[PDB]
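Novice: This is the structure I want to talk about, given as structure tokens.
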Amino acid sequence: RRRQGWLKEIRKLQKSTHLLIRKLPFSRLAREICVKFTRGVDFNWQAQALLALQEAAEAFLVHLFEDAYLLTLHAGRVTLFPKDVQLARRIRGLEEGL
Amino acid sequence: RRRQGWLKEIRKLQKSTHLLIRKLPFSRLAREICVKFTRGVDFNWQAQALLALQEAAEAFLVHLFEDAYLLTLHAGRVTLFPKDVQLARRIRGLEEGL
Amino acid sequence: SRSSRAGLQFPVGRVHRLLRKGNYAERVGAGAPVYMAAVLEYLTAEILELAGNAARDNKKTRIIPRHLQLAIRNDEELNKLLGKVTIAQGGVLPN
Amino acid sequence: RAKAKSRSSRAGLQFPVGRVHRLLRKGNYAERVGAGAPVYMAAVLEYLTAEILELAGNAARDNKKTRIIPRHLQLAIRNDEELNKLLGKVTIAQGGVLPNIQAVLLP
Amino acid sequence: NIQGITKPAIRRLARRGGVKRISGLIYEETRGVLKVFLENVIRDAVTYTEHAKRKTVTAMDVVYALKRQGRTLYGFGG
Amino acid sequence: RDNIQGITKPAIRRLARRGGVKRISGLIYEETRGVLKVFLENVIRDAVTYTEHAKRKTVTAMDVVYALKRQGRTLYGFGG
Amino acid sequence: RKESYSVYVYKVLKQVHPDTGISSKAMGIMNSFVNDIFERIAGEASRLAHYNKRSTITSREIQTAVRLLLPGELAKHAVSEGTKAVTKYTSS
Amino acid sequence: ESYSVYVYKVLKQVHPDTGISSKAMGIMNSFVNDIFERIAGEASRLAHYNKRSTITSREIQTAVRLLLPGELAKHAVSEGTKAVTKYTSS
Amino acid sequence: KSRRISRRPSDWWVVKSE
DNA sequence: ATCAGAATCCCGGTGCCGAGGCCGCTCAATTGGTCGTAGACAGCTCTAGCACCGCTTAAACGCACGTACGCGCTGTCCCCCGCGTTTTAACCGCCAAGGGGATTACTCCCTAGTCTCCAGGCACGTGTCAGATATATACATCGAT
DNA sequence: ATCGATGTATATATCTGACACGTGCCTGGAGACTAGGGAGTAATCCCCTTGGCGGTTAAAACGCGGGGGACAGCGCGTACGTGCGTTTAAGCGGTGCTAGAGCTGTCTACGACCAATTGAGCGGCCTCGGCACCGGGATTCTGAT
């Protein structure tokens with residue numbers, strides 16, 4: 001066994017600066033959300049827009065996770081619960097969480 | 001004689017609309033903060049400006065208190081702690097609460 | 001004259017003057033004050049209707065700022081529009 | 001006609017004066033623009049970029065890198081409290097979160 | 001004169017916010033955050049008035065500073 | 001298979017590790033996908049309206065940074 | 001003189017309710033609200049016209065501005081109101 | 001079209017041994033646009049408040065003193081005053 | 001002109017997960 | 001304590017591609033000069049904020065008490081995490097088609113601009129009624145009967 | 001099961017100052033007309049996106065055990081709400097003062113506008129080295145021993 005190795009992984013991911021989620025499913029999700037509501041066919045996405053949107057989404061998610069984890073350890077437990085995240089979204093504000 | 005007056009007090013105060021803090025100490029606090037930047041001379045205040053300031057102050061404070069009370073109710077107790085409010089400031093953001 | 005050409009209540013001349021003096025653009029079109037008048041009329045009508053319903057619910061014909069606060073908070077889109085502003089003499093919602 | 005020297009030379013700055021003057025002219029912020037206002041704008045922009053580049057170059061030298069990367073900007077902005085207050089909701093591309101450990105430790 | 005903000009005053013603000021029980025250290029903590037909030041707002045307002053040629057701090061500059069800050073106050077502006 | 005299922009459990013797990021989370025739950029993998037969909041939809045709505053205002057049949061990174069600037073959480077790097 | 005929007009608020013109030021009234025305090029609230037919303041819509045239209053190298057504010061600009069600024073079904077009603085209004089204006 | 005040349009000039013001013021990546025140049029360019037946008041918008045509204053149709057040196061000075069927090073505002077005003085009193089030489 | 005009938009969602013925000 | 005097993009640190013080697021310098025072109029900044037007008041400035045006046053005084057009284061302060069509440073501990077149970085194995089599909093590399101962004105040129109309608117006229121909207125005044133408020137009554141009720 | 005006084009709701013009257021309407025005056029909106037350029041539009045081009053295929057290869061999916069983490073209960077203690085009496089400074093009202101907002105009048109220095117000129121900055125072109133990758137070795141902890 002290699003116990004307590006997760007902390008080093010956390011340090012690595014704080015050290016790294018690359019995108020965490022892959023490119024193809026996020027791009028397909030972008031195409032699907034596009035054709036889901038625009039009521040039009042064949043809307044093209046430039047290359048920089050995809051990677052920019054992915055970087056922004058990962059930034060928003062990591063901010064939400066660090067805030068939620070702080071308020072969970074404030075509550076008295078080290079496990080993140082979805083009720084805490086939903087509470088976090090409305091405790092941040094209209095522009096900060098939504 | 002009236003036992004358990006907190007419930008009646010909350011039920012009354014959530015229906016009232018007048019400003020809670022007195023006007024004279026709030027005006028004195030406004031003067032004390034103002035005299036640190038007017039380069040020695042005294043600045044005059046209008047009758048509407050002080051009231052608008054007090055309205056904004058009580059509104060922001062009641063918002064901060066209700067957000068902190070949500071956080072403390074998430075903790076599982078009925079008493080709020082000052083550390084919880086201190087956390088709530090940076091949870092809402094460095095510009096909104098801080 | 002040609003004031004109420006759009007059949008609305010807001011003046012086309014005042015909003016045109018405000019757009020020309022606000023320096024938002026070099027030139028301004030002619031349908032834009034009409035469109036602005038329409039949207040301002042619709043939003044004001046909605047908020048005054050909700051305030052009138054709240055005041056009728058409170059058995060008062062003189063709408064006080066508390067009634068506007070209830071009209072804004074009882075709806076769901078109006079708070080998303082006015083989340084960044086607050087109302088003077090406005091109490092908090094009855095929890 | 002005398003020598004057409006740049007207004008950044010007579011003002012002792014490095015940012016262009018003519019570009020920002022034309023930009024304020026086409027910016028539609030006001031109908032008239034003063035003469036010293038673009039000079040003031042150029043000076044404060046020069047001070048801001050110099051102020052961030054000081055710590056940027058220091059952190060780059062600390063990382064044994066002779067070339068500035070956007071990671072160093074992300075690490076330099078989140079160190080200064082004033083610049084952190086200014087750039088609070090600003091997200092930097094290819095900039096990871098500031099390395100911080102939790103209150104619970106291993107020994 | 002910061003002692004004018006009484007203990008029942010902060011208590012009534014909390015009751016208006018819905019707080020039932022309040023610990024004893026809140027009244028020494030609410031004064032600091034209120035003081036820095038008012039410090040920030042009055043700083044911005046006095047800068048607005050220092051721009052103006054007038055020396056009295058009017059309500060227009062106050063709501064201008066509040067609009068810059070992020071919480072626009074109705075009922076007085078205009 | 002739904003496309004939102006493409007956001008794998010290790011992906012959100014690595015997101016949480018970068019966020020500083022030690023232990024995660026089970027419903028996290030179902031709620032985070034929903035909030036990511038909501039956030040992305042709110043951005044993409046502003047972006048596609050920005051495209052539709054002009055005579056463009058395609059989106060670009062300019063509309064994206066316009067959408068994030070409109071929402072408040074701005075993003076640098078692609079403004080030129 | 002002083003510029004205000006009191007008469008138009010009064011007209012639409014008496015049109016939607018022939019009995020109710022608005023206090024003087026609430027009247028100022030409505031005026032400041034109208035000014036704030038108008039400034040927001042105007043700033044949005046200004047930056048959108050700047051983003052497409054256009055010096056004119058057409059009906060397309062204001063519609064796109066009010067759609068990306070107003071969320072919800074109120075936007076879908078407001079666009080119909082504006083299009084109906086401009087057709088009514090140009091129908092002379 | 002970018003402010004990249006001046007960025008490289010001031011970078012050569014602060015450090016003679018440090019390079020810079022191309023993405024960082026775009027970061028700096030967008031940052032300059034953001035700062036200019038916010039300062040100019042505040043200056044415009046503050047000049048419109050007082051019925052003045054010009055943006056003189058006072059407007060931008062009080063605007064940057066309103067925007068910049070901390071001790072950076074005093075350095076901004078010192079640099080601005082020094083620059084505008086050095087400009088009155090020609 | 002039909003007037004919109006409103007409903008109260010479980011969570012205050014207009015957006016609803018479904 | 002004692003160990004190999006990872007883990008980190010460093011180090012020479014290759015390599016590659018992106019940074020940085022150079023060259024040529026050109027259009028936007030600069031110079032000079034005229035025109036007009038926003039704004040600087042000064043003076044004058046009349047509101048409104050400031051200061052004070054004195055009386056009232058409702059709110060604040062303190063102090064004793066009691067009991068509801070934080071919190072530490074323990075014990076149980078379960079739900080993630082690590083680890084190994086299996087299996088997918090994202091990623092890279094390639095080319096091929098074409099859609100649409102982008103550019104250029106043409107024309108014309110729309111909108112700024114000016115003058116001239118007048119009425120919708122401003123300020124002011126003043127009568128009146130919705131609502132705040134005081135008192136009485138009705139109602140739940142809790143302590144004494 | 002009746003009476004008192006403590007708290008709760010409503011019904012009445014009463015009075016007031018805030019509202020609404022009316023009048024009168026005027027400055028901004030409308031009407032008519034012009035000249036010019038911003039924008040609409042059509043044709044063309046070529047970059048950039050889409051799309052499809054093969055071949056790898058890390059990464060995702062799956063299963064399992066165990067431990068450590070959340071949670072319920074309980075007991076202990078304590079800190080804040082409640083009640084009572086005492087006290088203070090906020091508040092009403094009322095009066096006087098003047099600093100300073102705010103308006104008006106004048107005049108000029110500043111900034112728009114235009115034509116001519118040129119070099120600072122942009123597009124492109126290149127070439128090489130800082131940095132990424134990799135591989136060997138050196139050190140340094142750490143749980144398994």
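Residues are referred to by chain and number: the chain letter is A, B, ... according to the order shown in the structure tokens, the number counts from 1 in that chain, and ligands are numbered separately from 1 in the order shown.
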Just the residues within 10 Å of stretch 58-69 of chain E, please, counting only C-alpha atoms (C1' of nucleotides), with nothing from its chain fewer than 3 positions along; format it as a PyMOL selection string.
Specialist: (chain B and resi 44-53+56+95-96) or (chain C and resi 84-85) or (chain E and resi 40-49+52+54-55+72-74+76-78) or (chain G and resi 36) or (chain H and resi 42+45-46+49+66-67)
Novice: Can you give me the C-alpha RMSD, to one decimal in Å, for chain A fitted onto chain B with all Cα atoms paired in order?
Specialist: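 My reading of the C-alpha RMSD is 1.2 Å.
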Novice: May I have a table of the residues of chain F lying at most 10 Å from chain K, giving each one's closest pair of atoms and their distance in Å to one decimal, counting only C-alpha atoms (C1' of nucleotides), ordered by chain and ascending residue number, as a Markdown table?
Specialist:
```
| residue | atom | partner | partner_atom | distance |
| --- | --- | --- | --- | --- |
| F:8 | CA | K:60 | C1' | 7.8 |
| F:9 | CA | K:60 | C1' | 8.9 |
| F:10 | CA | K:60 | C1' | 8.0 |
| F:11 | CA | K:60 | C1' | 9.8 |
| F:23 | CA | K:69 | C1' | 9.8 |
| F:58 | CA | K:49 | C1' | 10.0 |
```
Novice: Looking only at alpha helix (DSSP H) from DSSP on the backbone, list the matching residues of chain B as a ChimeraX atom specification.
Specialist: /B:5-13,23-34,47-75,82-92
Novice: Only residues of chain J matter here; which ones have an atom within 12 Å of chain A, counting only C-alpha atoms (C1' of nucleotides)? Give them as a list in words.
Specialist: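 The complete set of qualifying residues is residues 5, 6, 7, 79, 80, 81, 82, 83, 89, 90, 91, 99, 100 and 101 of chain J.
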Novice: Using only C-alpha atoms, determine which residues of chain A fall within 12 Å of chain D; present them as an MDAnalysis selection string.
Specialist: chainID A and resid 3:8 10:20 48 51:63 65:66 69:70 73:74 77:78 95:96
Novice: If we count only C-alpha atoms, which residues of chain G reach to within 7 Å of chain C? Please list them as a tab-separated table (two decimals) with N, CA and C atoms, in the first residue's frame.
Specialist:
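Dumped to part-v2.tsv:
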```
chain	number	residue	atom	x	y	z
G	8	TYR	N	-46.14	60.11	-16.69
G	8	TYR	CA	-46.32	58.88	-17.45
G	8	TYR	C	-46.54	57.69	-16.54
G	12	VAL	N	-50.07	55.43	-16.74
G	12	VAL	CA	-50.15	53.98	-16.90
G	12	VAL	C	-50.74	53.34	-15.65
G	13	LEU	N	-50.55	53.95	-14.48
G	13	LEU	CA	-51.17	53.45	-13.26
G	13	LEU	C	-52.67	53.59	-13.32
G	16	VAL	N	-54.06	51.04	-15.81
G	16	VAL	CA	-54.16	49.64	-15.38
G	16	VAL	C	-55.05	49.48	-14.15
G	20	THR	N	-56.50	53.05	-7.85
G	20	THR	CA	-55.33	53.08	-6.99
G	20	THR	C	-54.54	54.38	-7.13
G	21	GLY	N	-53.60	54.56	-6.21
G	21	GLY	CA	-52.73	55.71	-6.21
G	21	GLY	C	-51.33	55.34	-5.77
G	22	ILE	N	-50.40	56.24	-6.05
G	22	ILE	CA	-48.98	56.05	-5.78
G	22	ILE	C	-48.53	57.21	-4.93
G	23	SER	N	-47.82	56.92	-3.84
G	23	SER	CA	-47.37	58.00	-2.98
G	23	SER	C	-46.23	58.76	-3.64
G	26	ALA	N	-42.97	56.75	-3.45
G	26	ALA	CA	-42.98	55.71	-4.46
G	26	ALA	C	-42.86	56.27	-5.87
G	42	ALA	N	-29.14	51.64	-22.57
G	42	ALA	CA	-28.37	52.52	-23.45
G	42	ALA	C	-26.90	52.14	-23.48
G	43	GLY	N	-26.32	51.80	-22.32
G	43	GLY	CA	-24.93	51.36	-22.29
G	43	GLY	C	-24.72	50.06	-23.04
G	46	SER	N	-24.85	50.87	-26.70
G	46	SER	CA	-23.65	51.59	-27.09
G	46	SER	C	-22.48	50.64	-27.32
G	55	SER	N	-22.21	53.16	-36.33
G	55	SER	CA	-22.43	54.42	-35.64
G	55	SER	C	-23.91	54.71	-35.47
G	56	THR	N	-24.77	53.76	-35.83
G	56	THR	CA	-26.21	53.93	-35.76
G	56	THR	C	-26.84	52.92	-34.81
G	57	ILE	N	-27.90	53.36	-34.13
G	57	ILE	CA	-28.64	52.50	-33.21
G	57	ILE	C	-29.94	52.12	-33.89
G	58	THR	N	-29.95	51.02	-34.62
G	58	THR	CA	-31.17	50.62	-35.29
G	58	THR	C	-32.06	49.85	-34.33
G	59	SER	N	-33.19	49.38	-34.87
G	59	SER	CA	-34.10	48.56	-34.10
G	59	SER	C	-33.51	47.20	-33.79
G	62	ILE	N	-31.39	47.63	-30.39
G	62	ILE	CA	-32.18	47.74	-29.17
G	62	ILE	C	-32.87	46.42	-28.83
G	72	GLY	N	-35.75	35.76	-19.19
G	72	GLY	CA	-37.05	35.22	-18.93
G	72	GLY	C	-38.06	35.51	-20.02
G	78	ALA	N	-41.62	41.56	-24.40
G	78	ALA	CA	-41.15	42.91	-24.69
G	78	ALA	C	-40.75	43.07	-26.14
G	81	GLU	N	-43.87	43.58	-28.00
G	81	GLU	CA	-44.33	44.94	-27.74
G	81	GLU	C	-43.58	45.95	-28.59
G	82	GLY	N	-42.26	45.80	-28.68
G	82	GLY	CA	-41.46	46.75	-29.45
G	82	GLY	C	-41.69	46.65	-30.94
G	85	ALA	N	-45.04	48.04	-31.67
G	85	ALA	CA	-45.00	49.49	-31.55
G	85	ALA	C	-44.35	50.15	-32.76
G	86	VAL	N	-43.24	49.60	-33.25
G	86	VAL	CA	-42.58	50.23	-34.39
G	86	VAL	C	-43.39	50.02	-35.67
G	88	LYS	N	-46.65	49.95	-35.65
G	88	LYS	CA	-47.70	50.93	-35.44
G	88	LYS	C	-47.21	52.35	-35.72
G	89	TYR	N	-45.94	52.61	-35.45
G	89	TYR	CA	-45.38	53.93	-35.71
G	89	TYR	C	-45.13	54.15	-37.20
```
Novice: Set the distance at 9 Å and use only C-alpha atoms (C1' of nucleotides): which residues neighbour residue G:27 once local chain neighbours fewer than 3 positions away are removed? I'd like the list as a PyMOL selection string.
Specialist: (chain E and resi 75) or (chain G and resi 5-6+9-10+22-24+30-32)
Novice: Go ahead and write the residues just picked, N, CA, C and O atoms, as an mmCIF file, in the first residue's frame.
Specialist:
```
data_model
loop_
_atom_site.group_PDB
_atom_site.id
_atom_site.type_symbol
_atom_site.label_atom_id
_atom_site.label_comp_id
_atom_site.auth_asym_id
_atom_site.auth_seq_id
_atom_site.Cartn_x
_atom_site.Cartn_y
_atom_site.Cartn_z
ATOM 1 N N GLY E 75 -35.319 55.773 -4.218
ATOM 2 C CA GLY E 75 -36.055 56.676 -3.370
ATOM 3 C C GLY E 75 -35.444 58.046 -3.193
ATOM 4 O O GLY E 75 -36.166 58.987 -2.849
ATOM 5 N N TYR G 5 -40.367 61.838 -14.730
ATOM 6 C CA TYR G 5 -41.253 60.931 -15.441
ATOM 7 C C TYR G 5 -42.484 60.637 -14.600
ATOM 8 O O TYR G 5 -43.000 59.521 -14.599
ATOM 9 N N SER G 6 -42.972 61.638 -13.870
ATOM 10 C CA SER G 6 -44.071 61.385 -12.946
ATOM 11 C C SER G 6 -45.400 61.215 -13.671
ATOM 12 O O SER G 6 -46.211 60.364 -13.286
ATOM 13 N N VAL G 9 -45.878 57.674 -15.381
ATOM 14 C CA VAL G 9 -46.151 56.644 -14.384
ATOM 15 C C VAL G 9 -47.585 56.756 -13.893
ATOM 16 O O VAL G 9 -48.286 55.749 -13.735
ATOM 17 N N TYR G 10 -48.046 57.988 -13.679
ATOM 18 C CA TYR G 10 -49.415 58.227 -13.240
ATOM 19 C C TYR G 10 -50.430 57.791 -14.291
ATOM 20 O O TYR G 10 -51.473 57.214 -13.954
ATOM 21 N N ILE G 22 -50.396 56.235 -6.055
ATOM 22 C CA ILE G 22 -48.977 56.047 -5.784
ATOM 23 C C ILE G 22 -48.526 57.215 -4.927
ATOM 24 O O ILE G 22 -48.829 58.370 -5.246
ATOM 25 N N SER G 23 -47.822 56.923 -3.839
ATOM 26 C CA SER G 23 -47.367 57.999 -2.980
ATOM 27 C C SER G 23 -46.228 58.763 -3.644
ATOM 28 O O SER G 23 -45.656 58.337 -4.649
ATOM 29 N N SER G 24 -45.892 59.911 -3.053
ATOM 30 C CA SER G 24 -44.839 60.752 -3.613
ATOM 31 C C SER G 24 -43.483 60.081 -3.479
ATOM 32 O O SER G 24 -42.619 60.234 -4.350
ATOM 33 N N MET G 30 -40.112 55.069 -8.756
ATOM 34 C CA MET G 30 -40.396 54.695 -10.132
ATOM 35 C C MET G 30 -39.546 55.498 -11.108
ATOM 36 O O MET G 30 -39.030 54.949 -12.088
ATOM 37 N N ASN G 31 -39.349 56.786 -10.818
ATOM 38 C CA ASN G 31 -38.543 57.653 -11.672
ATOM 39 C C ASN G 31 -37.085 57.207 -11.704
ATOM 40 O O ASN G 31 -36.479 57.094 -12.781
ATOM 41 N N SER G 32 -36.508 56.936 -10.527
ATOM 42 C CA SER G 32 -35.120 56.484 -10.461
ATOM 43 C C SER G 32 -34.945 55.114 -11.103
ATOM 44 O O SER G 32 -33.923 54.850 -11.751
#
```
Novice: Looking at only C-alpha atoms, which of E:8, E:32, E:17, E:24 is the one that sits closest to chain C?
Specialist: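 Closest residue, counting only C-alpha atoms: E:17.
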Novice: Please indicate the distance in Å from atom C1' of residue K:91 to atom CA of residue B:38, rounded to one decimal place.
Specialist: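 Straight-line distance from atom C1' of residue K:91 to atom CA of residue B:38 works out to 29.1 Å.
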Novice: Identify every residue of chain F that has at least one atom within 9 Å of any atom of chain D, counting only C-alpha atoms, and report the result as a PyMOL selection string.
Specialist: chain F and resi 18-20+72-78
Novice: Under the rule of at most 9 Å, produce a per-residue listing of chain H near chain F: chain, number, name, the closest pair of atoms, and the distance in Å, as a tab-separated table, using only C-alpha atoms.
Specialist:
```
residue	atom	partner	partner_atom	distance
H:1	CA	F:80	CA	8.3
H:2	CA	F:80	CA	8.0
H:23	CA	F:77	CA	6.5
H:24	CA	F:77	CA	7.5
H:25	CA	F:77	CA	8.3
H:26	CA	F:77	CA	5.1
H:27	CA	F:77	CA	4.5
H:28	CA	F:77	CA	8.1
H:29	CA	F:80	CA	7.8
H:30	CA	F:79	CA	5.5
H:31	CA	F:76	CA	7.0
H:33	CA	F:79	CA	8.7
```
Novice: Taking only C-alpha atoms (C1' of nucleotides) into account, what are the residues of chain J at most 9 Å from chain G, put as an NGL selection string?
Specialist: :J and (121-123)
Novice: Write the residues of the selection above to a file with C-alpha atoms (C1' of nucleotides), as a compact mmCIF listing (two decimals), in the first residue's frame.
Specialist:
```txt
# COMPACT_ATOMS: atom_id res chain seq x y z
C1' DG J 121 -45.46 69.62 -19.51
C1' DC J 122 -43.55 72.29 -15.83
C1' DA J 123 -44.24 74.95 -11.16
```
Novice: Kindly give the distance, in Å, that separates atom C1' of residue K:88 and atom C1' of residue J:60, rounded to a single decimal.
Specialist: 7.3 Å
Novice: With only C-alpha atoms considered, list every residue of chain G at most 7 Å from chain F, as a list in words.
Specialist: residues 60, 64 and 68 of chain G
Novice: Record the distance separating atom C1' of residue K:65 and atom CA of residue A:76, expressed in Å with one decimal.
Specialist: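 Rounded to one decimal, the two atoms are 27.3 Å apart.
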Novice: Contacts of residue A:94 at 8 Å or less, counting only C-alpha atoms (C1' of nucleotides), minus same-chain residues fewer than 4 places along, as JSON, numbers by chain?
Specialist: {"A": [90, 98], "C": [80, 83]}
Novice: Export C-alpha atoms of the chosen residues as a PDB file, in the first residue's frame?
Specialist:
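Written file, out.pdb:
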```pdb
ATOM      1  CA  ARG A  90     -27.305  31.008  -3.118  1.00  0.00           C
ATOM      2  CA  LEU A  98     -25.395  31.595 -10.610  1.00  0.00           C
TER       3      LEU A  98
ATOM      4  CA  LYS C  80     -33.183  38.682 -10.919  1.00  0.00           C
ATOM      5  CA  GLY C  83     -30.891  42.032  -7.346  1.00  0.00           C
TER       6      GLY C  83
END
```
Novice: Each residue of chain J with at least one atom at most 12 Å from chain E should appear once, together with its nearest atom pair and the corresponding distance in Å (one decimal); atoms considered: only C-alpha atoms (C1' of nucleotides); ordering: chain, then increasing residue number; output as JSON lines.
Specialist:
```
{"residue": "J:48", "atom": "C1'", "partner": "E:56", "partner_atom": "CA", "distance": 11.4}
{"residue": "J:49", "atom": "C1'", "partner": "E:56", "partner_atom": "CA", "distance": 9.2}
{"residue": "J:50", "atom": "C1'", "partner": "E:56", "partner_atom": "CA", "distance": 11.9}
{"residue": "J:59", "atom": "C1'", "partner": "E:8", "partner_atom": "CA", "distance": 10.0}
{"residue": "J:60", "atom": "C1'", "partner": "E:6", "partner_atom": "CA", "distance": 8.1}
{"residue": "J:61", "atom": "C1'", "partner": "E:7", "partner_atom": "CA", "distance": 10.3}
{"residue": "J:68", "atom": "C1'", "partner": "E:21", "partner_atom": "CA", "distance": 10.9}
{"residue": "J:69", "atom": "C1'", "partner": "E:21", "partner_atom": "CA", "distance": 10.0}
{"residue": "J:70", "atom": "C1'", "partner": "E:23", "partner_atom": "CA", "distance": 11.2}
```
Novice: For the residues selected in the previous step, produce a file with N, CA, C and O atoms (P, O5', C5', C4', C3', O3' and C1' of nucleotides) as a PDB file, in the first residue's frame.
Specialist:
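Output below, filename again_39.pdb:
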```pdb
ATOM      1  P    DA J  48     -34.412  75.092   0.391  1.00  0.00           P
ATOM      2  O5'  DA J  48     -33.297  74.593   1.414  1.00  0.00           O
ATOM      3  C5'  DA J  48     -31.998  74.268   0.947  1.00  0.00           C
ATOM      4  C4'  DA J  48     -31.016  74.168   2.098  1.00  0.00           C
ATOM      5  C3'  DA J  48     -31.450  73.255   3.245  1.00  0.00           C
ATOM      6  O3'  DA J  48     -30.343  72.504   3.704  1.00  0.00           O
ATOM      7  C1'  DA J  48     -30.897  75.355   4.089  1.00  0.00           C
ATOM      8  P    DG J  49     -30.516  70.949   4.063  1.00  0.00           P
ATOM      9  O5'  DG J  49     -29.189  70.593   4.875  1.00  0.00           O
ATOM     10  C5'  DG J  49     -27.934  71.012   4.388  1.00  0.00           C
ATOM     11  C4'  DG J  49     -27.169  71.746   5.468  1.00  0.00           C
ATOM     12  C3'  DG J  49     -27.079  71.023   6.809  1.00  0.00           C
ATOM     13  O3'  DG J  49     -25.725  70.878   7.172  1.00  0.00           O
ATOM     14  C1'  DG J  49     -27.718  73.287   7.111  1.00  0.00           C
ATOM     15  P    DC J  50     -25.317  70.099   8.513  1.00  0.00           P
ATOM     16  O5'  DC J  50     -25.040  71.278   9.544  1.00  0.00           O
ATOM     17  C5'  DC J  50     -24.159  72.338   9.184  1.00  0.00           C
ATOM     18  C4'  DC J  50     -24.009  73.330  10.322  1.00  0.00           C
ATOM     19  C3'  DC J  50     -23.899  72.688  11.698  1.00  0.00           C
ATOM     20  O3'  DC J  50     -22.892  73.315  12.446  1.00  0.00           O
ATOM     21  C1'  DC J  50     -25.672  74.245  11.674  1.00  0.00           C
ATOM     22  P    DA J  59     -39.683  53.543  22.624  1.00  0.00           P
ATOM     23  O5'  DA J  59     -38.136  53.222  22.846  1.00  0.00           O
ATOM     24  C5'  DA J  59     -37.150  54.046  22.214  1.00  0.00           C
ATOM     25  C4'  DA J  59     -35.880  54.062  23.034  1.00  0.00           C
ATOM     26  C3'  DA J  59     -35.171  52.716  23.171  1.00  0.00           C
ATOM     27  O3'  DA J  59     -33.875  52.798  22.608  1.00  0.00           O
ATOM     28  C1'  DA J  59     -35.330  53.845  25.264  1.00  0.00           C
ATOM     29  P    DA J  60     -32.935  51.500  22.515  1.00  0.00           P
ATOM     30  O5'  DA J  60     -31.966  51.650  23.780  1.00  0.00           O
ATOM     31  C5'  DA J  60     -31.123  52.792  23.891  1.00  0.00           C
ATOM     32  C4'  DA J  60     -30.399  52.822  25.229  1.00  0.00           C
ATOM     33  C3'  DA J  60     -29.562  51.590  25.538  1.00  0.00           C
ATOM     34  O3'  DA J  60     -28.298  51.996  25.997  1.00  0.00           O
ATOM     35  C1'  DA J  60     -31.038  52.036  27.335  1.00  0.00           C
ATOM     36  P    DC J  61     -27.132  50.919  26.205  1.00  0.00           P
ATOM     37  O5'  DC J  61     -27.124  50.667  27.776  1.00  0.00           O
ATOM     38  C5'  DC J  61     -27.138  51.769  28.662  1.00  0.00           C
ATOM     39  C4'  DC J  61     -27.106  51.299  30.101  1.00  0.00           C
ATOM     40  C3'  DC J  61     -26.301  50.027  30.340  1.00  0.00           C
ATOM     41  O3'  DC J  61     -25.478  50.212  31.468  1.00  0.00           O
ATOM     42  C1'  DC J  61     -28.489  49.776  31.209  1.00  0.00           C
ATOM     43  P    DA J  68     -36.080  24.827  28.986  1.00  0.00           P
ATOM     44  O5'  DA J  68     -35.646  25.215  27.498  1.00  0.00           O
ATOM     45  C5'  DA J  68     -35.390  26.577  27.173  1.00  0.00           C
ATOM     46  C4'  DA J  68     -34.090  26.778  26.387  1.00  0.00           C
ATOM     47  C3'  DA J  68     -33.784  25.771  25.283  1.00  0.00           C
ATOM     48  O3'  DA J  68     -33.118  26.451  24.221  1.00  0.00           O
ATOM     49  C1'  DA J  68     -32.045  25.725  26.866  1.00  0.00           C
ATOM     50  P    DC J  69     -32.975  25.783  22.767  1.00  0.00           P
ATOM     51  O5'  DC J  69     -31.403  25.792  22.503  1.00  0.00           O
ATOM     52  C5'  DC J  69     -30.643  26.934  22.862  1.00  0.00           C
ATOM     53  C4'  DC J  69     -29.175  26.594  23.029  1.00  0.00           C
ATOM     54  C3'  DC J  69     -28.644  25.530  22.070  1.00  0.00           C
ATOM     55  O3'  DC J  69     -27.359  25.892  21.607  1.00  0.00           O
ATOM     56  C1'  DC J  69     -28.149  24.941  24.286  1.00  0.00           C
ATOM     57  P    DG J  70     -26.894  25.475  20.129  1.00  0.00           P
ATOM     58  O5'  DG J  70     -25.318  25.319  20.244  1.00  0.00           O
ATOM     59  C5'  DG J  70     -24.515  26.437  20.556  1.00  0.00           C
ATOM     60  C4'  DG J  70     -23.269  26.019  21.316  1.00  0.00           C
ATOM     61  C3'  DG J  70     -22.325  25.073  20.583  1.00  0.00           C
ATOM     62  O3'  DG J  70     -20.990  25.454  20.902  1.00  0.00           O
ATOM     63  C1'  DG J  70     -23.047  24.057  22.576  1.00  0.00           C
TER      64       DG J  70
END
```
Novice: Please tabulate, as a tab-separated table, the residues of chain D that come within 10 Å of chain J, each with its closest pair of atoms and the distance in Å to one decimal, counting only C-alpha atoms (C1' of nucleotides) and ordering rows by chain, then residue number upward.
Specialist:
```
residue	atom	partner	partner_atom	distance
D:1	CA	J:31	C1'	6.2
D:2	CA	J:31	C1'	7.2
D:3	CA	J:31	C1'	8.5
D:4	CA	J:30	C1'	5.4
D:5	CA	J:30	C1'	7.5
D:6	CA	J:30	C1'	7.7
D:7	CA	J:30	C1'	8.9
D:16	CA	J:29	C1'	9.8
D:17	CA	J:29	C1'	9.1
D:18	CA	J:29	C1'	5.9
D:19	CA	J:29	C1'	8.0
D:22	CA	J:29	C1'	9.4
D:32	CA	J:38	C1'	9.7
D:67	CA	J:19	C1'	9.6
```
